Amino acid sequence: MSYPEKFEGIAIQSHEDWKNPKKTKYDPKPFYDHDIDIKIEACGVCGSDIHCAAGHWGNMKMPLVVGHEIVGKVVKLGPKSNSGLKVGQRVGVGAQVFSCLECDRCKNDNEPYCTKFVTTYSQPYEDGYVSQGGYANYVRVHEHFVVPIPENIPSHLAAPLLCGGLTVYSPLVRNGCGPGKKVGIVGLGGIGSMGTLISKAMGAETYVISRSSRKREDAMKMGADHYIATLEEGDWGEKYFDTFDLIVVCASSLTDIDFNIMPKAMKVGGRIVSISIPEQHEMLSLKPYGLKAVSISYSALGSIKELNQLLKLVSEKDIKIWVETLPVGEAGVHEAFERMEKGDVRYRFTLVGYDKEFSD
């Protein structure tokens, strides 16, 4: 029906026909004291959107609305709301959508690591409702996880930051990325590029680390201080020995990644932080003998604090990421999904034209 009782969206109907989501109406989650309703206007197509829909993460209950780099207008506020969020405001919602908000980790700005963590879609809340929203007309989210979008960031350029961006930003900040450091980006995909830009915006000397040579010209155009092509090096660890302070791995998979070499290019005390979550059938493998004075670790999304910090940065040092736009709808999400599989993205897809697709 309409916005209050039913939500509509382009939802995955089966993990086999994942490339052909169908428009669907579905019950919103129950509305809670702090939840907020957002009418979407733009959403970013994230690699996770794919892994999930393709069933790479396990059998997900269907139907399923994906997409978690949401930008839209506040349309209704929860009873016990409190955060200046005002109906009509252009806000954003990323990958996380809930946290206990009371444990130390939460109060210490580490809600991505909260015990009661809940992702935007494909997860059941305590009430049992499995998070939806994203490629839809409305999303229902607890206010703590809704951020304001700096007035000067085009929606189609703000959206991706909400997850792909925040995902590189959190590890970068936390691990010293900034003036005078030598940062490295593995995998120039959707996150990688944002991670390259954001890298520079923070002040470091960034190295893009890809396997083929295709993305070279593009990397420099983003401000890369240098480019490396694994397949063309034979042992870049050996060659770039003792150069990197921090390296963030943003690959969609870890199969074409040598964690037995990477350490060499790491300065004493350097740190390797992987950001990826590959198919359920993959491990992070390496001969430990190399983690000599080098630390390897995995990182989740970022804190909402960091998320606002990023939004501030992109807004201030005026960051313009690489996005292509497609209209929400079965045909658009199809092309989006299709191309993401083909890796045929000039980095980021942002579904738009939400109002001329969902009507009432």
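Residue indices: 1-based, along the sequence shown.
- The mean Cα B-factor in the deposited entry runs higher for 279-287 than for the other of 171-179 and 279-287.
- Between 288-296 and 307-315, it is 288-296 that carries the larger average Cα temperature factor according to the deposited entry.
- The PDB entry assigns its highest CA temperature factor, among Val87, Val268, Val93, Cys114, to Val87.
- Taking the deposited Cα B-factors for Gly187, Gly237, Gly164, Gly134, the highest one is held by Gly237.
- In this PDB entry, the Cα temperature factor of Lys19 sits in the middle third of its chain's modelled residues.
- Per the PDB record, residue ranking by Cα B-factor puts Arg216 in the middle third of the chain.
- Remark: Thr206 belongs to the middle third of its chain, ranked by C-alpha B-factor as recorded.
- Ranked by Cα temperature factor within the chain, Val146 sits in the lowest third according to the deposited record.
- In this PDB entry, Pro154 carries a Cα temperature factor that places it within the highest third of its chain's modelled residues.
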